[PDB]
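Undergrad: Before I ask anything, here is the structure I am working with.
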Amino acid sequence: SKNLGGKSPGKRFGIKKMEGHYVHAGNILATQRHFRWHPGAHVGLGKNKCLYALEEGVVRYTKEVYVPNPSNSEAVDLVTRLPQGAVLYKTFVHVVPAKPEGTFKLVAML
Amino acid sequence: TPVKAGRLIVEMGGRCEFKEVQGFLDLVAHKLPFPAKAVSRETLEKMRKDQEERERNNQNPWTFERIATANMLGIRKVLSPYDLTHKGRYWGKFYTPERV
Amino acid sequence: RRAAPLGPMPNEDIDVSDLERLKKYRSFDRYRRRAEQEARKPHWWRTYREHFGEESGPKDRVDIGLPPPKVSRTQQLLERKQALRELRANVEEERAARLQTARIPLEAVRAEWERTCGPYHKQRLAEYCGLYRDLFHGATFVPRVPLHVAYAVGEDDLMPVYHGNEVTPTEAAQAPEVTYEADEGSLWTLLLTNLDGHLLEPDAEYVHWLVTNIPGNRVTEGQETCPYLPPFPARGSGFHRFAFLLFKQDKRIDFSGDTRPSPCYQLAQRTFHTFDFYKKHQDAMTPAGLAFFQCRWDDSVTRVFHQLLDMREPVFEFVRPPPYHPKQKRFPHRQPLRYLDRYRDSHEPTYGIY
Amino acid sequence: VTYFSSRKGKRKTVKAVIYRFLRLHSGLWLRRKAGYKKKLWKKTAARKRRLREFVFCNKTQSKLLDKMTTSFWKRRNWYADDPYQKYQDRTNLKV
Amino acid sequence: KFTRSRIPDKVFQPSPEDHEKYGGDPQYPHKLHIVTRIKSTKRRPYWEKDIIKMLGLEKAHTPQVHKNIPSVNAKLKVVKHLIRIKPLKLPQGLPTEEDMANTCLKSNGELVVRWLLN
Amino acid sequence: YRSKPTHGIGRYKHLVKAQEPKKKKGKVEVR
Amino acid sequence: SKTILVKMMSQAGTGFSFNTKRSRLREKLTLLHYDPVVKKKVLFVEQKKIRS
RNA sequence: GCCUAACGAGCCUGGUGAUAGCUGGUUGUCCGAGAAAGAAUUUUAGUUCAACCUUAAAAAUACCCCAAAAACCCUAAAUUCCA
RNA sequence: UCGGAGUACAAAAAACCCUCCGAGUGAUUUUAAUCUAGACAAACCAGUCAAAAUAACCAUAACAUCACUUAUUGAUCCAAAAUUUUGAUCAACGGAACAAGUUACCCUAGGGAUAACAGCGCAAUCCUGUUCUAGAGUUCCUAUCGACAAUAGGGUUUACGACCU
RNA sequence: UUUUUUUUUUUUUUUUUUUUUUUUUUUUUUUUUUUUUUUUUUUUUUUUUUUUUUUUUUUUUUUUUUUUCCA
Ligand SMILES: Nc1nc2c(ncn2[C@@H]2O[C@H](COP(=O)(O)O)[C@@H](O)[C@H]2O)c(=O)[nH]1
Ligand SMILES: [Mg+2]
Ligand SMILES: [Mg+2]
Ligand SMILES: [Mg+2]
Ligand SMILES: [Mg+2]
Ligand SMILES: [Mg+2]
Ligand SMILES: [Mg+2]
Ligand SMILES: [Mg+2]
Ligand SMILES: [Mg+2]
Ligand SMILES: [Mg+2]
Ligand SMILES: [Mg+2]
Ligand SMILES: [Mg+2]
Ligand SMILES: [Mg+2]
Ligand SMILES: [Mg+2]
Ligand SMILES: [Mg+2]
Ligand SMILES: [Mg+2]
Ligand SMILES: [Mg+2]
Ligand SMILES: [Mg+2]
Ligand SMILES: [Mg+2]
Ligand SMILES: [Mg+2]
Ligand SMILES: [Mg+2]
Ligand SMILES: [Mg+2]
Ligand SMILES: [Mg+2]
Ligand SMILES: [Mg+2]
Ligand SMILES: [Mg+2]
Ligand SMILES: [Mg+2]
Ligand SMILES: [Mg+2]
Ligand SMILES: [Mg+2]
Ligand SMILES: [Mg+2]
């Protein structure tokens with residue numbers, strides 16, 4: 001045989017948290033090799049394209065328009081080459097916060 | 001070259017009748033590996049209409065497609081996922097047109 | 001397995017074949033405009049607004065206010081076109097535009113804005129600040145008439161009260177002056193309501209100055225139901241909202257249940273509900289003026305709490321929820337040495353029997 | 001592991017465990033991360049911090065270390081200015 | 001790969017002649033199911049075994065009464081090839097507390113309230 | 001997802017056909 | 001092209017050295033790094049050669 | 001080759017109850033529950049973990065799981081998450 | 001030894017002495033810190049992210065970047081370092097600090113878990129018949145043959161399997 | 001740290017008859033430079049022990065190229 005080195009364990013690249021799951025801050029929502037799910041509100045983006053919740057709440061998945069950063073040359077060129085009626089759509093993952101920021105409690109009645 | 005059942009191999013035309021073309025194409029059909037026939041537009045239409053008529057006037061209420069779709073008797077354990085589309089007419093590379 | 005879409009697809013209108021004959025936009029600005037225009041449409045799939053609170057989408061707002069002024073549209077357009085032609089006829093303005101040296105009469109712009117399109121901006125600002133959500137809970141009005149509220153900080157210092165401005169209790173200690181154009185044939189009522197500051201009832205609001213039966217613009221001559229009271233926000237929970245509401249009324253309204261005493265230093269008596277008030281006086285009163293402003297705690301609130309209200313000053317604090325920690329495990333695996341510190345009751349060494 | 005010694009007949013212990021491990025009185029075992037002194041220039045700052053940070057051992061490793069170590073090392077030690085005296089005990093363990 | 005079998009909704013759409021053939025009421029559906037396990041769960045998938053366990057049909061040829069709700073109808077559809085299902089009939093109505101010890105279940109699918117009077 | 005009704009909402013490669021990563025080759029074949 | 005590993009010390013007087021990969025055919029390395037001992041942006045020059 | 005009937009290195013005793021991942025055997029009754037393999041290894045004739053399983057003890061959610069959700073050129077049987 | 005694609009079509013994993021790409025590093029400056037919630041993955045060892053808070057620069061970013069960016073790398077112990085680091089195709093790449101051939105003069109414990117002879121499965125190979133006619137046969141497919149092709153049968157040779165010893 | 005080539009007129013190549021082109025100086029050519037034609041000087045980095053000559057081998061430093069440790 002001439003083929004060698006093909007053997008390699010999988011990287012477990014997939015979606016960790018499904019819609020409706022109550023997650024906390026820092027929980028990795030999903031891991032991916034390429035950009036399949038894009039972060040939305042309260043979802044960060046690690047340097048390895050991982051998605052982690054910044055707030056504690058409920059995970060949701062939506063289909064939303066895609067407006068690329070103007071500095072991304074390939075994305076800008078694709079946008080300019082798109083026809084007049086075309087609008088890019090991407091699957092975004094969001095976290096809807098549940099706990100409020102805080103409460104006002106009486107500390108001293110002086 | 002892979003060939004499935006129901007696929008034409010050689011298509012002929014001209015100002016001739018059907019008897020002679022069938023006569024000199026039956027030998028080629030026989031020499032072909034898979035079973036084959038020398039058909040025409042009229043013959044293909046006739047056989048398809050006969051198949052539809054048989055499948056619509058079949059007397060027994062139990063049919064392979066109905067049983068496979070309804071998972072009657074738990075027959076999906078014995079059957080194959082492709083059987084849901086084949087409807088019992090195709091088994092391996094062999095096709096039986098008389099099995100509804 | 002494939003499923004049928006529940007409605008029209010976004011990019012199913014344009015033809016895939018013959019892209020070269022189809023016009024494209026080459027501007028990122030054009031693409032951004034198109035994307036933002038499409039993002040506001042009610043798509044049949046799960047969108048961002050539905051999950052992040054678009055405020056129940058459409059809402060049939062009940063309108064309680066004066067009818068809009070009836071203006072001849074054709075004559076107004078003709079006059080505006082004539083004015084624009086006269087302005088463009090000048091050469092000096094064009095020279096100034098070319099030389100980039102031009103100024104604008106901001107005072108006249110403000111006056112014209114208040115006259116024609118100020119009410120709508122004030123209404124949307126009040127909607128953003130949630131005035132109608134807490135005053136009527138189902139109705140938003142158009143502040144047709146202007147309302148200029150001003151506090152006097154001295155002899156030559158005047159602090160205006162615009163829609164959403166920040167005025168401290170030091171400037172708000174004295175009763176402000178209210179100005180509005182009105183003929184000598186109508187009756188008006190002015191009500192200063194503090195939406196935030198009630199210690200007991202979250203759904204109730206305080207009244208600082210309620211004066212009814214105003215003949216025309218003469219606010220002083222009208223009888224005051226509730227004497228003016230300086231704002232008293234809490235030290236911790238700051239930035240309360242104080243709103244002046246001006247209502248136009250037809251009949252001479254007399255009420256004995258809502259009458260307040262001259263001292264009026266009891267918070268139990270200074271408990272108000274604008275919804276119930278407008279239910280009581282809905283036949284005659286119609287809101288036409290609104291001016292809301294923000295107010296935070298300062299050193300002047302202590303004097304109001306002590307001398308006037310005869311109360312101890314309440315102090316609040318914005319406390320945050322405690323950090324979340326998972327259930328402590330018997331044998332944590334690959335955890336740092338500080339894992340035990342996350343569940344420590346206190347940073348004090350505890351000796352059980354020694 | 002010598003279950004029965006030749007001289008005294010007691011049970012000995014392996015010195016490697018005491019050299020490269022630390023046992024808390026709560027039953028937990030403390031160890032260093034493997035490879036925290038090898039090729040530091042080739043590793044990222046976060047990886048180096050992970051290597052330098054201490055770690056704990058799971059139930060199987062803890063039981064193995066307890067079997068391989070005698071009862072002397074499981075005693076309660078009150079050292080002077082002991083950094084781990086705070087971590088010796090366990091609190092709020094709801095099991 | 002052999003997995004669970006999806007059953008299309010077309011199968012459970014009754015024909016007008018089905019009511020007359022099976023003696024069912026075209027207007028008002030029955031209220032309770034009498035289910036009896038006919039075949040064994042051996043040589044059958046573990047999910048079917050679990051469904052038959054949670055349906056309380058461990059003992060074969062022993063009728064069990066269940067609701068006519070879709071929640072249990074889903075499992076009954078899953079394991080429909082191993083059970084016989086009949087509608088519960090009440091010619092004498094629901095038995096009261098004074099007739100609980102004198103009830104009986106005839107094989108035709110009806111529940112008699114007064115059984116063996118003296 | 002493939003089974004979801006919203007499948008292919010991000011399909012965009014059919015809207016643009018400029019995917020020629022060649023150095024300088026020209027067609028010059030329009031008869 | 002062969003690389004060279006160089007140990008560079010701080011010029012702030014405090015003892016603080018770090019290793020860096022460099023090209024062999026280049027001059028003496030002199031960069032601006034961060035010193036946590038003085039917590040400042042300091043000039044670091046090549047001092048020693050450790051690995052080829 | 002021969003060295004007392006077996007010599008690629010004699011025989012006896014002692015070490016010696018040599019050591020064997022290898023073969024063979026392992027002695028009364030009844031009852032309960034009850035396992036076919038993922039990772040390393042001079043390792044695939046074995047060991048050490050993980051997943052299952054057994055005796056006890058704590059608790060509370062456990063399997064089936066409707067919607068809704070999981071990618072971008074086409075893609076079946078169906079999968080994961082939850083009322 | 002490590003990574004990518006299909007096998008493995010849609011959460012994850014998933015093997016073969018299965019079919020193909022590679023990797024055991026280069027170039028540049030933005031020389032890329034401390035501490036700590038909460039998570040992925042995993043038998044373990046390892047590998048991955050990362051909110052807030054601090055030190056220096058805009059007083060608005062710092063994940064070093066690019067080469068399909070995913071792989072470009074190594075656990076104790078030990079040596080040399082001197083305060084803080086470095087490390088040999090352990091390449092059999094979870095790795096003994098350093099050890100080659102032959103035994104038909106061989107021995108021992110086992111294995112039909114594993115070969116050679118036999119038996120058995122299949123029929124690649126082999127042997128049979130029939131179907132098809134282009135062509136040979138002076139004209140004429142079938143007196144005698146009959147290429148390119150089809151179907152069915154037998155288990156004599158070799159090969160394959162490793163089921164009984 | 002170890003292995004190896006080594007140190008040439010002012011600059012580079014050889015070789016032991018220490019030579020050949022650049023550079024310098026003194027002349028000529030030109031109105032003056034440049035180009036070109038003659039003459040001259042110009043060295044084995046240093047120590048030590050030698051051969052028939054030294055390109056025999058050793059002391060102090062100078063750049064140097066490769067290696068600089070599986071664990
Ligand atoms: N690995 C494994 N072996 C089993 C299991 N059950 C039976 N065996 C093995 O099967 C043999 C006995 O066959 P049985 O009596 O089960 O038919 C024995 O070699 C026994 O060890 C099991 O669940 N797992
Ligand atoms: Mg692979
Ligand atoms: Mg693998
Ligand atoms: Mg108009
Ligand atoms: Mg003898
Ligand atoms: Mg023995
Ligand atoms: Mg073995
Ligand atoms: Mg039993
Ligand atoms: Mg068994
Ligand atoms: Mg569902
Ligand atoms: Mg559930
Ligand atoms: Mg996990
Ligand atoms: Mg931060
Ligand atoms: Mg090995
Ligand atoms: Mg290995
Ligand atoms: Mg490994
Ligand atoms: Mg011989
Ligand atoms: Mg033998
Ligand atoms: Mg065998
Ligand atoms: Mg075997
Ligand atoms: Mg024989
Ligand atoms: Mg054989
Ligand atoms: Mg035999
Ligand atoms: Mg064979
Ligand atoms: Mg055969
Ligand atoms: Mg012929
Ligand atoms: Mg044929
Ligand atoms: Mg034979
Ligand atoms: Mg043979």
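All residue names refer to the structure tokens as shown: chains lettered A, B, ... in order, residues numbered from 1 in each chain, ligands numbered from 1 in order.
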Counting only C-alpha atoms (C1' of nucleotides) and all ligand atoms, name the residues that have an atom within 12 Å of an atom of ligand 18; the answer should be given as a PyMOL selection string.
TA: chain I and resi 106-111
Undergrad: Give me the chain F side of the contact with segment 79-88 of chain A, cut-off 12 Å, one line per residue showing its nearest atom pair and distance in Å at one decimal, counting only C-alpha atoms, sorted by chain and residue number, as CSV.
TA:
residue,atom,partner,partner_atom,distance
F:8,CA,A:88,CA,11.3
F:9,CA,A:88,CA,8.5
F:10,CA,A:88,CA,6.4
F:11,CA,A:88,CA,8.2
F:12,CA,A:88,CA,6.9
F:13,CA,A:82,CA,9.7
F:14,CA,A:82,CA,10.1
F:15,CA,A:82,CA,6.6
F:16,CA,A:82,CA,6.2
F:17,CA,A:81,CA,9.2
F:18,CA,A:81,CA,8.3
F:19,CA,A:81,CA,11.2
Undergrad: Any residue with an atom at most 6 Å from ligand 27 counts, using only C-alpha atoms (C1' of nucleotides) and all ligand atoms. Which are they? Put them as a list in words.
TA: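 Listing the residues within 6 Å of ligand 27 gives residues 30, 31, 32, 33, 34 and 35 of chain B; 150 of chain I.
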Undergrad: Got a sec to check which residues lie within 7 Å of ligand 23, using only C-alpha atoms (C1' of nucleotides) and all ligand atoms, and send them as a PyMOL selection string?
TA: chain I and resi 118-119+164
Undergrad: How would you write, as a list in words, the set of residues no farther than 12 Å from ligand 13 when counting only C-alpha atoms (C1' of nucleotides) and all ligand atoms?
TA: residues 44 and 54 of chain A; 35, 36, 37, 50, 51, 52, 53, 54, 61 and 62 of chain I
Undergrad: Just to be explicit: take each residue in the selection above, keep N, CA, C and O atoms (P, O5', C5', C4', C3', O3' and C1' of nucleotides), and write the result as a PDB file, in the first residue's frame.
TA:
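The file below, out28.pdb, is the result:
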ATOM      1  N   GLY A  44     -19.484  35.330  22.469  1.00  0.00           N
ATOM      2  CA  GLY A  44     -18.158  35.694  22.026  1.00  0.00           C
ATOM      3  C   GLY A  44     -17.638  34.772  20.944  1.00  0.00           C
ATOM      4  O   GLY A  44     -18.285  33.811  20.526  1.00  0.00           O
ATOM      5  N   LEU A  54     -21.468  34.823  26.934  1.00  0.00           N
ATOM      6  CA  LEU A  54     -20.955  35.852  27.825  1.00  0.00           C
ATOM      7  C   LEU A  54     -21.886  36.139  28.992  1.00  0.00           C
ATOM      8  O   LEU A  54     -21.435  36.678  30.009  1.00  0.00           O
TER       9      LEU A  54
ATOM     10  P     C I  35      -0.009  33.975  37.106  1.00  0.00           P
ATOM     11  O5'   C I  35      -1.401  34.308  37.805  1.00  0.00           O
ATOM     12  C5'   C I  35      -1.447  34.991  39.049  1.00  0.00           C
ATOM     13  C4'   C I  35      -2.793  35.630  39.275  1.00  0.00           C
ATOM     14  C3'   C I  35      -3.988  34.691  39.224  1.00  0.00           C
ATOM     15  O3'   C I  35      -4.191  34.021  40.457  1.00  0.00           O
ATOM     16  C1'   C I  35      -4.432  36.625  37.927  1.00  0.00           C
ATOM     17  P     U I  36      -5.355  32.926  40.618  1.00  0.00           P
ATOM     18  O5'   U I  36      -6.692  33.789  40.713  1.00  0.00           O
ATOM     19  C5'   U I  36      -7.930  33.183  41.045  1.00  0.00           C
ATOM     20  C4'   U I  36      -9.024  33.591  40.092  1.00  0.00           C
ATOM     21  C3'   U I  36      -9.789  32.451  39.442  1.00  0.00           C
ATOM     22  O3'   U I  36     -10.796  31.926  40.288  1.00  0.00           O
ATOM     23  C1'   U I  36      -9.222  34.076  37.809  1.00  0.00           C
ATOM     24  P     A I  37     -11.107  30.350  40.301  1.00  0.00           P
ATOM     25  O5'   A I  37     -12.604  30.254  39.768  1.00  0.00           O
ATOM     26  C5'   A I  37     -12.931  30.684  38.456  1.00  0.00           C
ATOM     27  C4'   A I  37     -14.189  31.513  38.436  1.00  0.00           C
ATOM     28  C3'   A I  37     -15.424  30.825  37.878  1.00  0.00           C
ATOM     29  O3'   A I  37     -16.085  30.020  38.838  1.00  0.00           O
ATOM     30  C1'   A I  37     -15.189  32.953  36.879  1.00  0.00           C
ATOM     31  P     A I  50      -9.569  32.604  23.731  1.00  0.00           P
ATOM     32  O5'   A I  50     -10.450  33.079  24.969  1.00  0.00           O
ATOM     33  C5'   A I  50     -11.859  33.195  24.852  1.00  0.00           C
ATOM     34  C4'   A I  50     -12.539  33.112  26.195  1.00  0.00           C
ATOM     35  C3'   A I  50     -12.139  34.164  27.214  1.00  0.00           C
ATOM     36  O3'   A I  50     -12.771  35.412  26.998  1.00  0.00           O
ATOM     37  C1'   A I  50     -12.161  32.045  28.247  1.00  0.00           C
ATOM     38  P     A I  51     -12.116  36.760  27.574  1.00  0.00           P
ATOM     39  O5'   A I  51     -13.285  37.403  28.442  1.00  0.00           O
ATOM     40  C5'   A I  51     -14.593  37.533  27.907  1.00  0.00           C
ATOM     41  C4'   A I  51     -15.619  37.685  28.997  1.00  0.00           C
ATOM     42  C3'   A I  51     -15.294  38.705  30.075  1.00  0.00           C
ATOM     43  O3'   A I  51     -15.574  40.038  29.684  1.00  0.00           O
ATOM     44  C1'   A I  51     -15.994  36.702  31.094  1.00  0.00           C
ATOM     45  P     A I  52     -14.426  41.160  29.772  1.00  0.00           P
ATOM     46  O5'   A I  52     -14.382  41.543  31.316  1.00  0.00           O
ATOM     47  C5'   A I  52     -15.539  42.038  31.974  1.00  0.00           C
ATOM     48  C4'   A I  52     -15.440  41.874  33.469  1.00  0.00           C
ATOM     49  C3'   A I  52     -14.282  42.593  34.141  1.00  0.00           C
ATOM     50  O3'   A I  52     -14.561  43.960  34.388  1.00  0.00           O
ATOM     51  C1'   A I  52     -14.403  40.370  34.936  1.00  0.00           C
ATOM     52  P     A I  53     -13.391  45.055  34.294  1.00  0.00           P
ATOM     53  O5'   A I  53     -12.337  44.593  35.394  1.00  0.00           O
ATOM     54  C5'   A I  53     -12.636  44.686  36.779  1.00  0.00           C
ATOM     55  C4'   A I  53     -11.433  44.334  37.615  1.00  0.00           C
ATOM     56  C3'   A I  53     -10.139  45.018  37.210  1.00  0.00           C
ATOM     57  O3'   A I  53     -10.038  46.325  37.743  1.00  0.00           O
ATOM     58  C1'   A I  53      -9.750  42.704  37.530  1.00  0.00           C
ATOM     59  P     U I  54      -8.909  47.333  37.212  1.00  0.00           P
ATOM     60  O5'   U I  54      -7.664  47.037  38.158  1.00  0.00           O
ATOM     61  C5'   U I  54      -6.395  47.604  37.880  1.00  0.00           C
ATOM     62  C4'   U I  54      -5.285  46.614  38.120  1.00  0.00           C
ATOM     63  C3'   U I  54      -4.024  46.835  37.302  1.00  0.00           C
ATOM     64  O3'   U I  54      -3.182  47.830  37.853  1.00  0.00           O
ATOM     65  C1'   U I  54      -4.644  44.559  37.191  1.00  0.00           C
ATOM     66  P     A I  61      -9.705  49.432  21.603  1.00  0.00           P
ATOM     67  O5'   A I  61     -10.532  48.103  21.304  1.00  0.00           O
ATOM     68  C5'   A I  61     -10.709  47.636  19.970  1.00  0.00           C
ATOM     69  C4'   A I  61      -9.702  46.572  19.586  1.00  0.00           C
ATOM     70  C3'   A I  61      -9.165  45.702  20.722  1.00  0.00           C
ATOM     71  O3'   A I  61      -8.965  44.377  20.230  1.00  0.00           O
ATOM     72  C1'   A I  61      -7.362  46.775  19.629  1.00  0.00           C
ATOM     73  P     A I  62      -9.030  43.116  21.223  1.00  0.00           P
ATOM     74  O5'   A I  62      -7.878  42.155  20.684  1.00  0.00           O
ATOM     75  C5'   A I  62      -6.821  41.732  21.533  1.00  0.00           C
ATOM     76  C4'   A I  62      -5.476  42.080  20.947  1.00  0.00           C
ATOM     77  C3'   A I  62      -4.265  41.689  21.779  1.00  0.00           C
ATOM     78  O3'   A I  62      -3.905  40.330  21.618  1.00  0.00           O
ATOM     79  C1'   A I  62      -4.022  43.919  21.018  1.00  0.00           C
TER      80        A I  62
END
Undergrad: At a cut-off of 12 Å, using only C-alpha atoms (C1' of nucleotides), what residues contact residue 46 of chain G? Leave out same-chain residues fewer than 2 positions from it and give the result as a list in words.
TA: residues 4, 5, 6, 7, 8, 9, 10, 11, 17, 18, 19, 20, 21, 22, 26, 27, 28, 29, 30, 31, 32, 43, 44, 48, 49 and 50 of chain G
Undergrad: In Å, with one decimal, what is the gap from atom CA of residue 316 of chain C to atom CA of residue 104 of chain A?
TA: 5.9 Å
